[PDB]
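Accompanying notes for the structure given below.
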Amino acid sequence: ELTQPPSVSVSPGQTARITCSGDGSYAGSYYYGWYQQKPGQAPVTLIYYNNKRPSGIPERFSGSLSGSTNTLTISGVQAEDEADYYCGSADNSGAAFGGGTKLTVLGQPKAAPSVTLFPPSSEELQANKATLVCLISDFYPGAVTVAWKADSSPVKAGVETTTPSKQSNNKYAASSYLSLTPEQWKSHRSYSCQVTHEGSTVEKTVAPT
Amino acid sequence: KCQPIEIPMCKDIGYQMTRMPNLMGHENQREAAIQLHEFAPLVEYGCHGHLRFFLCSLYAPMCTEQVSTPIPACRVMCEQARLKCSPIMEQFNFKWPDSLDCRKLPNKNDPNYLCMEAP
Amino acid sequence: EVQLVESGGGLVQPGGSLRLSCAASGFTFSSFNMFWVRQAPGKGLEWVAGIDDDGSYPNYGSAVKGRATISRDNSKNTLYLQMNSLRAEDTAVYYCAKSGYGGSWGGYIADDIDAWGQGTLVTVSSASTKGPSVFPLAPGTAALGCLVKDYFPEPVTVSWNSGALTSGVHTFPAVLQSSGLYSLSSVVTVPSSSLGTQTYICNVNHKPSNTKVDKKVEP
């Protein structure tokens, strides 16, 4: 019953407005709080009791009740305001949250990925297993494609790659793992993790020793 | 067991018996009656908000053998009382107390917390 | 400043039970309503249950009513959640949450939650627990780390030097492999000048399997 737009876009410095709508036919009063949540973190309270701001919340956030609708206004939006936003209120069945609004901040600067590649450890080879570990950091926007090479030939098996997630500096991270046997590891000249991002490729190579 | 209402403001409102402690934490009817006295001006003045019913549902809750726990007025009743007596409250410089926070009350159709509507 | 620290997460089979507790500090606990709020992976916030100062008017969200008990012990500043007949869709991070006001006659509204815990993950599944294998990832700066391979369920904790090393640490989100097992890596960036003299140990803990491993990471 509590309704939010699933998504909103703004460009930096502009004003974003996110609304929560309740039951207009209700004959009493309404109360709303707003909670911001970034990927992998706990919610943070921005507004309570329709229009109160906890100290420590930037002044550019504000709330206001009109009728049965509360609107969160973010004036002068920053990249650091990219997050999900949930209103908290009450349904006809009791305390409840809105379904959430994903707020996208446009025009963020592109950033190329940093790639670190680890070969299998001695200890893993001793357990008759081998994993190559490719860690991809600090790239924007989130889309990457990871390709593995044995020598110069593509690897068509044993690759497991994460979906990119946002880091604490608001860029993306991802991991790719290539599982091999020691024999495969030892018998090739080298293996490579090739990371392609916005048409540009960054590559790392490791070899047995 | 239930006891006759002694709180003057809640006599003759359509149920005869309450039980203490009330929903405000008052040990006895005399304590409840004293805490209710600040509302006496507003109740005689007719702000047409069912204020008497609402206050008494909390200060002198109906008691019967049929139900175990008190049944307060619904939140919508608290809120309509607060809004309808809001202007006359501005005139007497009376602020609605934090103890009567309407957000605390159930509304209708909660099966585990029943509430009353006005007659 | 308010701290709410949940515990009791882990793996549970469908039809099983959960017990969560939340230790609250920084404020006068017995004067505030407290909530449980949950979030299924990739979904929204869901109000689970709420309770008043004294513990007297517990109420519940639709999905959990009849299967759930919220309670508190004011003498220990602790809030509890109990839940029966667990469904797979009860898989969620469970958040302890403190309200900005106290008192209820059965009503609660989520308009003034003013502190949040970090949440604890409850996994409801028929899959078996599996502890991870832990392997060292050997190296101005050098990157060194440890691989935490093939575990179930989330989460795993990784500290460095028993938590004395926090600068330069980057634990990566886990990959969920096609096999249904998870793997992750933790990488600390260290000064190259330290490789000869400073010992680097990663401390891995996976509670659902009771795996506790310390791995020295050497050149």
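Chains as they are written, first to last, in PDB author numbering: chain B, 1 to 209; chain A, 33 to 151; chain C, 1 to 139, 147 to 226. For each residue, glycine too, the CB sits at the ideal point set by N, CA and C.
Exposed or buried, residue i, counting other C-beta atoms within 10 Å across all chains shown (16 or more means buried)?
{"i": "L11 of chain C", "result": "buried"}
{"i": "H58 of chain A", "result": "buried"}
{"i": "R87 of chain C", "result": "exposed"}
{"i": "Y191 of chain B", "result": "buried"}
{"i": "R19 of chain C", "result": "exposed"}
{"i": "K43 of chain A", "result": "exposed"}
Just to confirm the assignment, what range does the beta strand (DSSP E) spanning residue i have?
{"i": "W34 of chain B", "result": "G33 to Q37"}
{"i": "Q3 of chain C", "result": "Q3 to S7"}
{"i": "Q123 of chain A", "result": "That residue, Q123 of chain A, is in no beta strand (DSSP E); its alpha helix (DSSP H) goes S118 to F124."}
{"i": "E124 of chain B", "result": "Here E124 of chain B belongs to no beta strand (DSSP E); instead the alpha helix (DSSP H) covers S122 to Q126."}
{"i": "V115 of chain B", "result": "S114 to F118"}
{"i": "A72 of chain A", "result": "No beta strand (DSSP E) holds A72 of chain A; the alpha helix (DSSP H) holding it covers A72 to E76."}
{"i": "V64 of chain C", "result": "Element bounds for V64 of chain C: n/a, residue is neither H nor E."}
{"i": "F35 of chain C", "result": "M34 to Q39"}
Of the choices the options, whose alpha-carbon is the least far from that of residue i?
{"i": "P119 of chain B", "options": "B:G22, B:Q184, B:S62 and B:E198", "result": "B:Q184"}
{"i": "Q67 of chain A", "options": "A:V75, A:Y77, A:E76 and A:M56", "result": "A:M56"}
{"i": "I120 of chain A", "options": "A:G81, A:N139, A:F85 and A:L137", "result": "A:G81"}
{"i": "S66 of chain B", "options": "B:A96, B:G24, B:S75 and B:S93", "result": "B:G24"}
{"i": "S21 of chain C", "options": "C:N59, C:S71 and C:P58", "result": "C:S71"}
{"i": "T209 of chain B", "options": "B:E198, B:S187 and B:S200", "result": "B:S187"}
{"i": "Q41 of chain B", "options": "B:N170, B:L125 and B:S190", "result": "B:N170"}
{"i": "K33 of chain A", "options": "A:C42, A:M41 and A:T50", "result": "A:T50"}
{"i": "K140 of chain A", "options": "A:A105, A:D133, A:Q112 and A:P129", "result": "A:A105"}
{"i": "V220 of chain C", "options": "C:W47, C:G8 and C:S166", "result": "C:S166"}
{"i": "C134 of chain B", "options": "B:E124, B:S168, B:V159 and B:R189", "result": "B:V159"}
{"i": "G175 of chain C", "options": "C:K156, C:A150 and C:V182", "result": "C:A150"}
{"i": "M52 of chain A", "options": "A:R107, A:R84, A:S100 and A:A150", "result": "A:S100"}
{"i": "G9 of chain C", "options": "C:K223, C:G103 and C:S216", "result": "C:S216"}
{"i": "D52 of chain C", "options": "A:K136, A:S118 and A:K43", "result": "A:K136"}
{"i": "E46 of chain C", "options": "C:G106, C:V93, C:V122 and C:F29", "result": "C:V93"}
{"i": "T78 of chain C", "options": "C:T218, C:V134, C:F179 and C:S30", "result": "C:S30"}
{"i": "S125 of chain C", "options": "C:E1, C:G15, C:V5 and C:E6", "result": "C:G15"}
{"i": "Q13 of chain C", "options": "C:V197, C:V122 and C:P198", "result": "C:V122"}
{"i": "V77 of chain B", "options": "B:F61, B:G13, B:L125 and B:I18", "result": "B:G13"}
Could you tell me whether the Cβ of residue i comes closer than 8 Å to any Cβ of chain A?
{"i": "residue 210 of chain B", "result": "Residue 210 of chain B is absent from the structure shown; chain B starts at 1 and stops at 209."}
{"i": "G28 of chain B", "result": "yes"}
{"i": "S71 of chain C", "result": "no"}
{"i": "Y32 of chain B", "result": "no"}
{"i": "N84 of chain C", "result": "no"}
{"i": "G50 of chain C", "result": "no"}
Please tell me whether residue i and residue j are closer than 8 Å, where the distance is taken between their beta carbons.
{"i": "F35 of chain C", "j": "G50 of chain C", "result": "yes"}
{"i": "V195 of chain B", "j": "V202 of chain B", "result": "yes"}
{"i": "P139 of chain C", "j": "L202 of chain C", "result": "yes"}
{"i": "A111 of chain B", "j": "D138 of chain B", "result": "yes"}
{"i": "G33 of chain B", "j": "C87 of chain B", "result": "yes"}
{"i": "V194 of chain C", "j": "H177 of chain C", "result": "yes"}
{"i": "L132 of chain B", "j": "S9 of chain B", "result": "no"}
{"i": "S192 of chain C", "j": "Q184 of chain C", "result": "no"}
{"i": "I45 of chain A", "j": "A65 of chain A", "result": "no"}
{"i": "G99 of chain B", "j": "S68 of chain B", "result": "no"}
{"i": "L2 of chain B", "j": "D84 of chain B", "result": "no"}
{"i": "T71 of chain B", "j": "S7 of chain B", "result": "no"}
{"i": "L74 of chain A", "j": "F126 of chain A", "result": "yes"}
{"i": "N33 of chain C", "j": "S75 of chain C", "result": "no"}
{"i": "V144 of chain B", "j": "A174 of chain B", "result": "yes"}
{"i": "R84 of chain A", "j": "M148 of chain A", "result": "no"}
{"i": "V5 of chain C", "j": "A23 of chain C", "result": "yes"}
{"i": "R114 of chain A", "j": "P138 of chain A", "result": "no"}
So with Cβ pairs under 8 Å, would you call residue i a contact of chain B?
{"i": "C117 of chain A", "result": "no"}
{"i": "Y158 of chain C", "result": "no"}
{"i": "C134 of chain A", "result": "yes"}
{"i": "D130 of chain A", "result": "no"}
{"i": "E111 of chain A", "result": "yes"}
{"i": "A127 of chain C", "result": "no"}
{"i": "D112 of chain C", "result": "yes"}
{"i": "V182 of chain C", "result": "yes"}
{"i": "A63 of chain C", "result": "no"}
{"i": "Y108 of chain C", "result": "yes"}
Output yes if chain C places a C-beta closer than 8 Å to the C-beta of residue i; else output no.
{"i": "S66 of chain B", "result": "no"}
{"i": "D44 of chain A", "result": "no"}
{"i": "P40 of chain A", "result": "no"}
{"i": "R107 of chain A", "result": "yes"}
{"i": "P43 of chain B", "result": "yes"}
Where does the unbroken alpha helix (DSSP H) through residue i begin, and where does it stop?
{"i": "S75 of chain B", "result": "Looking at the DSSP string, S75 of chain B is not in any alpha helix (DSSP H), and its letter there is neither H nor E."}
{"i": "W185 of chain B", "result": "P182 to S187"}
{"i": "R17 of chain B", "result": "Premise fails: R17 of chain B lies in the beta strand (DSSP E), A16 to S21, not in any alpha helix (DSSP H)."}
{"i": "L83 of chain A", "result": "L83 to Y91"}
{"i": "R62 of chain A", "result": "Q61 to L68"}
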